[PDB]
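Dropping my_file07.cif in here (mmCIF, C-alpha atoms (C1' of nucleotides)):
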```
data_protein
#
loop_
_atom_site.group_PDB
_atom_site.id
_atom_site.type_symbol
_atom_site.label_atom_id
_atom_site.label_comp_id
_atom_site.auth_asym_id
_atom_site.auth_seq_id
_atom_site.Cartn_x
_atom_site.Cartn_y
_atom_site.Cartn_z
ATOM 1 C CA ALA A 1 37.270 -13.076 21.026
ATOM 2 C CA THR A 2 34.332 -11.424 22.790
ATOM 3 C CA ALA A 3 30.661 -10.943 21.986
ATOM 4 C CA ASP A 4 31.369 -7.204 21.566
ATOM 5 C CA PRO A 5 33.928 -6.319 18.838
ATOM 6 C CA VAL A 6 33.768 -2.550 19.324
ATOM 7 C CA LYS A 7 35.348 -2.830 22.775
ATOM 8 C CA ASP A 8 38.047 -5.138 21.407
ATOM 9 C CA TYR A 9 38.967 -2.714 18.625
ATOM 10 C CA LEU A 10 38.916 0.270 20.987
ATOM 11 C CA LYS A 11 41.221 -1.412 23.499
ATOM 12 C CA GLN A 12 43.503 -2.594 20.688
ATOM 13 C CA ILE A 13 44.016 0.785 19.002
ATOM 14 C CA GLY A 14 45.171 2.489 22.210
ATOM 15 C CA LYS A 15 48.426 0.578 22.664
ATOM 16 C CA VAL A 16 50.357 2.815 20.249
ATOM 17 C CA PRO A 17 51.003 6.236 21.863
ATOM 18 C CA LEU A 18 50.506 9.602 20.177
ATOM 19 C CA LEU A 19 53.083 11.655 18.252
ATOM 20 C CA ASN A 20 54.459 15.197 18.257
ATOM 21 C CA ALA A 21 54.970 17.648 15.409
ATOM 22 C CA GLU A 22 58.715 17.063 15.065
ATOM 23 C CA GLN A 23 58.111 13.305 15.042
ATOM 24 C CA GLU A 24 55.522 13.742 12.284
ATOM 25 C CA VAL A 25 57.919 15.836 10.193
ATOM 26 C CA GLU A 26 60.715 13.298 10.673
ATOM 27 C CA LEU A 27 58.418 10.428 9.673
ATOM 28 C CA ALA A 28 57.311 12.321 6.561
ATOM 29 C CA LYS A 29 60.948 12.953 5.631
ATOM 30 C CA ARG A 30 61.690 9.253 6.109
ATOM 31 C CA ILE A 31 58.774 8.336 3.833
ATOM 32 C CA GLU A 32 59.937 10.775 1.151
ATOM 33 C CA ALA A 33 63.539 9.555 1.244
ATOM 34 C CA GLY A 34 62.490 5.908 1.222
ATOM 35 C CA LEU A 35 60.283 6.373 -1.824
ATOM 36 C CA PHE A 36 62.986 8.277 -3.689
ATOM 37 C CA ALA A 37 65.438 5.475 -2.879
ATOM 38 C CA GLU A 38 62.843 3.003 -4.164
ATOM 39 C CA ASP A 39 62.666 4.931 -7.440
ATOM 40 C CA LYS A 40 66.465 4.987 -7.665
ATOM 41 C CA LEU A 41 66.428 1.207 -7.235
ATOM 42 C CA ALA A 42 63.778 1.049 -9.965
ATOM 43 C CA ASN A 43 66.382 2.729 -12.155
ATOM 44 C CA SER A 44 68.744 0.105 -13.569
ATOM 45 C "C1'" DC B 1 -93.193 -34.682 -51.687
ATOM 46 C "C1'" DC B 2 -88.788 -31.993 -53.713
ATOM 47 C "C1'" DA B 3 -84.723 -28.619 -53.774
ATOM 48 C "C1'" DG B 4 -80.001 -27.076 -52.539
ATOM 49 C "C1'" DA B 5 -75.362 -29.366 -51.076
ATOM 50 C "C1'" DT B 6 -72.316 -32.365 -52.892
ATOM 51 C "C1'" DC B 7 -70.395 -34.141 -56.438
ATOM 52 C "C1'" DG B 8 -70.003 -35.683 -61.603
ATOM 53 C "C1'" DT B 9 -68.969 -33.754 -65.753
ATOM 54 C "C1'" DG B 10 -67.837 -30.166 -69.045
ATOM 55 C "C1'" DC B 11 -66.050 -25.856 -71.101
ATOM 56 C "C1'" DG B 12 -63.192 -22.298 -70.615
ATOM 57 C "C1'" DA B 13 -59.538 -19.516 -68.367
ATOM 58 C "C1'" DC B 14 -55.403 -19.583 -66.924
ATOM 59 C "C1'" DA B 15 -51.241 -19.307 -63.493
ATOM 60 C "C1'" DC B 16 -48.006 -20.815 -64.677
ATOM 61 C "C1'" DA B 17 -44.752 -26.126 -66.286
ATOM 62 C "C1'" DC B 18 -41.714 -26.919 -69.171
ATOM 63 C "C1'" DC B 19 -37.123 -26.413 -71.313
ATOM 64 C "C1'" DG B 20 -35.169 -23.828 -74.367
ATOM 65 C "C1'" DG B 21 -33.828 -19.173 -76.585
ATOM 66 C "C1'" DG B 22 -32.168 -14.099 -77.122
ATOM 67 C "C1'" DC B 23 -31.099 -10.223 -75.497
ATOM 68 C "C1'" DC B 24 -30.823 -6.622 -71.488
ATOM 69 C "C1'" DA B 25 -31.171 -3.650 -66.596
ATOM 70 C "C1'" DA B 26 -28.773 -3.057 -62.227
ATOM 71 C "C1'" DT B 27 -24.698 -3.169 -60.276
ATOM 72 C "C1'" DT B 28 -20.599 -3.587 -60.421
ATOM 73 C "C1'" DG B 29 -15.148 -3.715 -57.852
ATOM 74 C "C1'" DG B 30 -11.033 -3.825 -59.098
ATOM 75 C "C1'" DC B 31 -7.532 -0.278 -57.676
ATOM 76 C "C1'" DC B 32 -5.587 2.334 -63.310
ATOM 77 C "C1'" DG B 33 -3.537 6.241 -62.506
ATOM 78 C "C1'" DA B 34 -2.499 10.603 -60.147
ATOM 79 C "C1'" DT B 35 -2.067 13.319 -56.071
ATOM 80 C "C1'" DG B 36 -0.960 14.257 -51.139
ATOM 81 C "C1'" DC B 37 0.132 13.900 -45.681
ATOM 82 C "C1'" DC B 38 2.262 11.021 -42.049
ATOM 83 C "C1'" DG B 39 5.943 7.558 -39.876
ATOM 84 C "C1'" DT B 40 10.681 6.912 -39.314
ATOM 85 C "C1'" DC B 41 15.162 8.326 -38.727
ATOM 86 C "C1'" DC B 42 19.229 11.028 -38.454
ATOM 87 C "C1'" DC B 43 21.216 14.513 -36.730
ATOM 88 C "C1'" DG B 44 21.589 19.096 -33.815
ATOM 89 C "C1'" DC B 45 21.822 21.291 -29.734
ATOM 90 C "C1'" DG B 46 21.069 21.724 -25.055
ATOM 91 C "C1'" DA B 47 19.169 20.602 -20.091
ATOM 92 C "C1'" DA B 48 20.018 17.266 -16.685
ATOM 93 C "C1'" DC B 49 22.312 13.396 -14.691
ATOM 94 C "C1'" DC B 50 25.545 10.826 -12.575
ATOM 95 C "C1'" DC B 51 30.458 10.211 -11.107
ATOM 96 C "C1'" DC B 52 34.924 11.706 -9.412
ATOM 97 C "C1'" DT B 53 37.924 15.040 -6.892
ATOM 98 C "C1'" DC B 54 39.591 18.493 -3.293
ATOM 99 C "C1'" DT B 55 39.556 21.923 1.825
ATOM 100 C "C1'" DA B 56 45.529 22.730 5.941
ATOM 101 C "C1'" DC B 57 43.746 27.436 12.996
ATOM 102 C "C1'" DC B 58 42.288 22.319 15.265
ATOM 103 C "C1'" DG B 59 40.575 18.085 16.419
ATOM 104 C "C1'" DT B 60 42.901 11.879 18.963
ATOM 105 C "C1'" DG B 61 37.872 6.230 23.203
ATOM 106 C "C1'" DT B 62 31.391 2.733 22.291
ATOM 107 C "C1'" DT B 63 9.701 -18.699 33.567
ATOM 108 C "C1'" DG B 64 9.411 -23.247 34.333
ATOM 109 C "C1'" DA B 65 10.996 -27.514 33.376
ATOM 110 C "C1'" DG B 66 13.977 -30.784 31.230
ATOM 111 C "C1'" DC B 67 18.444 -32.436 29.646
ATOM 112 C "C1'" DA B 68 23.425 -32.221 28.724
ATOM 113 C "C1'" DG B 69 28.543 -30.558 28.783
ATOM 114 C "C1'" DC B 70 32.472 -28.010 31.048
ATOM 115 C "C1'" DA B 71 35.394 -25.958 35.002
ATOM 116 C "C1'" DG B 72 36.832 -26.054 39.632
ATOM 117 C "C1'" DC B 73 37.800 -28.847 43.639
ATOM 118 C "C1'" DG B 74 38.094 -32.779 47.453
ATOM 119 C "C1'" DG B 75 40.506 -36.506 47.865
ATOM 120 C "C1'" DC B 76 43.173 -41.189 46.648
ATOM 121 C "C1'" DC B 77 47.399 -43.169 44.339
ATOM 122 C "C1'" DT B 78 51.921 -43.158 43.170
#
```
Structure translated into structure tokens:
Amino acid sequence: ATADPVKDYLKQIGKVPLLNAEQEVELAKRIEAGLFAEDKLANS
DNA sequence: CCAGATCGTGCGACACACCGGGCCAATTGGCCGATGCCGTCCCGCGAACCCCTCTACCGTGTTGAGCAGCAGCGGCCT
């Protein structure tokens, strides 16, 4: 808690590092597969 | 002295006083009935009016003064 919240948010967002193209593609594939599995679970 | 103003009195006219008759003028004022133009409304289409949606070279950091409470520290006490 500080009188300035912009600095707090800025310093908070930087903890997570960046990502590369292959990582992005792998994450997208994970999202797709997870949602399709969720739909399959929705099936009875 | 005696003669006109004032008034008494008299005769007439007479402008209406009555209270009652017998008709009339003017002037209606309603809408009667018939005819006609405007208000309202129900679409009809179209101009605009507002809302929602999407674009893939990429790109990764904003004074002074007065009064009171809290944090750090010196120094007993165990």
Distance table requested - chain A against chain B, cut-off 7 Å, all atoms listed in the file: one row per qualifying residue with the closest atom pair and its distance in Å to one decimal, ordered by chain and rising residue number, as a tab-separated table.
```
residue	atom	partner	partner_atom	distance
A:6	CA	B:62	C1'	6.5
A:7	CA	B:62	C1'	6.8
A:10	CA	B:61	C1'	6.4
```
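Taking atom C1' of residue 56 of chain B and atom CA of residue 21 of chain A as the two end points, the separation is 14.3 Å.
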Problem - Point-to-point distance from atom CA of residue 18 of chain A to atom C1' of residue 58 of chain B, Å rounded to tenths - result: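 That distance, rounded to one decimal, is 15.9 Å.
Taking atom CA of residue 3 of chain A and atom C1' of residue 70 of chain B as endpoints, the distance between them is 19.4 Å.
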